[PDB]
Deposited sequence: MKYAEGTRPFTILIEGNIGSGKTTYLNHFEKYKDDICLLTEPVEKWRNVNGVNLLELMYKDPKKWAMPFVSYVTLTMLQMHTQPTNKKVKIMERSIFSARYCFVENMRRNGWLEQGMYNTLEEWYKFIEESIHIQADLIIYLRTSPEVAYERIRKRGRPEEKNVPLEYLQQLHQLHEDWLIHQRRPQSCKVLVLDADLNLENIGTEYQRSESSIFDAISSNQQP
């Protein structure tokens, strides 16, 4: 058996470049937090590993901090995947899959993970796949232009357009092309548009809009 086979709520992964409006799109589901297990990317855990800020240390010295940073990131996504709930729906911001097919892969290309390290991570991903139950029912792709993504990131971190281009192509390879092992179906939103009002045609029966 795999670990946490009992965690099987309908599990939606929100995927997107930096600055694809993931945070906005996710905030819209808050009204449903009583019926939906809502998990936003755990940046604050990356900023504070028993004292240490792995996020700064990585965007400062990526050659040194890549392996440890992606290692910890991978753990935190694995916790979100395996996190039990009595709710019928889980929506996660990103996934172990975006860690493996996008961030790790870009880090290998940019030379921040040598072949030694890369091979070790891939061996772990194969072990994780064999050993840990990861419910993935649906992916929502917030698909952007790198140009549009770069504008949004200005509003913060020192991130070049070229990094966003790199992450865009890997997202295109995974979610549009089918060049990675594909767990589930993908729905694409044009995240170039403003998504402030997405889904608002749907209203909760409990909303004051339906009071007498």
Gaps in the model, given as deposited-sequence positions counted from residue 1:
156 to 159, 162, 218 to 224
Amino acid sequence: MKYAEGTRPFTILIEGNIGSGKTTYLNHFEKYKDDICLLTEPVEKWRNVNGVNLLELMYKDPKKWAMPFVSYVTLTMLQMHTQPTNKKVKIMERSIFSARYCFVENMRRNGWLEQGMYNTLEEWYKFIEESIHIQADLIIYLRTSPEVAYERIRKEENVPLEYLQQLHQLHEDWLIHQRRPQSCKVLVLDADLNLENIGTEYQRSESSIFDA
From here on, numbers count along this sequence of modelled residues.
Higher of the two mean Cα B-factors (197 to 205, 19 to 27; per PDB record) comes from 19 to 27
Can you tell me whether 61 to 69 has a higher mean C-alpha B factor than 172 to 180 in this record, or the other way round?
61 to 69
Of the choices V52, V186, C37, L167, which one's C-alpha carries the largest B-factor in the record?
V52
Going by the CA temperature factor in the entry, name the top one among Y141, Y125, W112, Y101.
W112
In terms of its chain's C-alpha B-factors, the third that includes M1 is the highest
